[PDB]
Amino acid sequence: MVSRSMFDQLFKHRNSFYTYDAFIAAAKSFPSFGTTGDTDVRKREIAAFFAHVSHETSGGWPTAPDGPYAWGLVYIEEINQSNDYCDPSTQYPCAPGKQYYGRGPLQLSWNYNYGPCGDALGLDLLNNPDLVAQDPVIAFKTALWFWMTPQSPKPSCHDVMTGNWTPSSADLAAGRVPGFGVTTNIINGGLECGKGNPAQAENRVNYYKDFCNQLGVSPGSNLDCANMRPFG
């Protein structure tokens, strides 16, 4: 998987909520994560997941010890907790008294994501969304759920990084060629790819390249997403 000492090197300044043991327990619920493909493909997948996590939870600053990519996994909850992040749903009804703001390593948000994520994990996250911010095993599981789960027309980020997604002719025409860039496109491409301001996407790439360097792997091809359109 990832050794404890390597986890503690990549995430040297993290919030101690996010324990290595909790990450390992979560990954055992998604056993193909980081175990798919040859050695370089596995390292790239792990670096890619951790890069996105770090970008979404970073407490870094430009003169921080160990540099601006060493401060991933500092944040648990979204700061502004005034909006409920509730879109009325008959399938995933918003629980009275609860809110669906961002929680965990990939900032799970909205009743319409807490619902299906919870169902897949066997946890009532729709009616107890605060679970994600209480229990680091659950927190990591919500992030791996997102990484590992297709949402047609989008493949899973896992499949993109491990050779299990082959683009259609339309994907290719749109610049969606397998690599790290497509994972940014899946996560938040409507805001960060295409003609969006490229700053956030370029930050994700910088974490990814740094983590690939530490793991001793080439980052591979197609890292940018400015030359690709978000999935329809």
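Note that residue numbering follows the sequence shown and begins at 1.
The stretch 77 to 85 shows the higher mean C-alpha B-factor when 137 to 145 is compared against 77 to 85 in the entry. The deposited model assigns a higher average Cα B-factor to 162 to 170 than to the other stretch when 34 to 42 and 162 to 170 are compared. Comparing the C-alpha B-factors of 54, 200, 206, 188 in the entry, the top value falls on 200. Comparing C-alpha B-factors across 105, 93, 129, 116 in the deposited entry, the largest value falls on 93.
Ranked by C-alpha B-factor against the other modelled residues of its chain, residue 196 falls in the highest third. Annotation for residue 47: CA B-factor lies in the lowest third of the chain's modelled residues. In the PDB entry, a CA B factor belonging to the middle third of its chain's modelled residues is recorded for residue 179.
Residue 59 sits in the lowest third of its chain by CA B factor, as recorded in the PDB entry. For residue 224, the recorded CA temperature factor ranks within the highest third of the chain's modelled residues.
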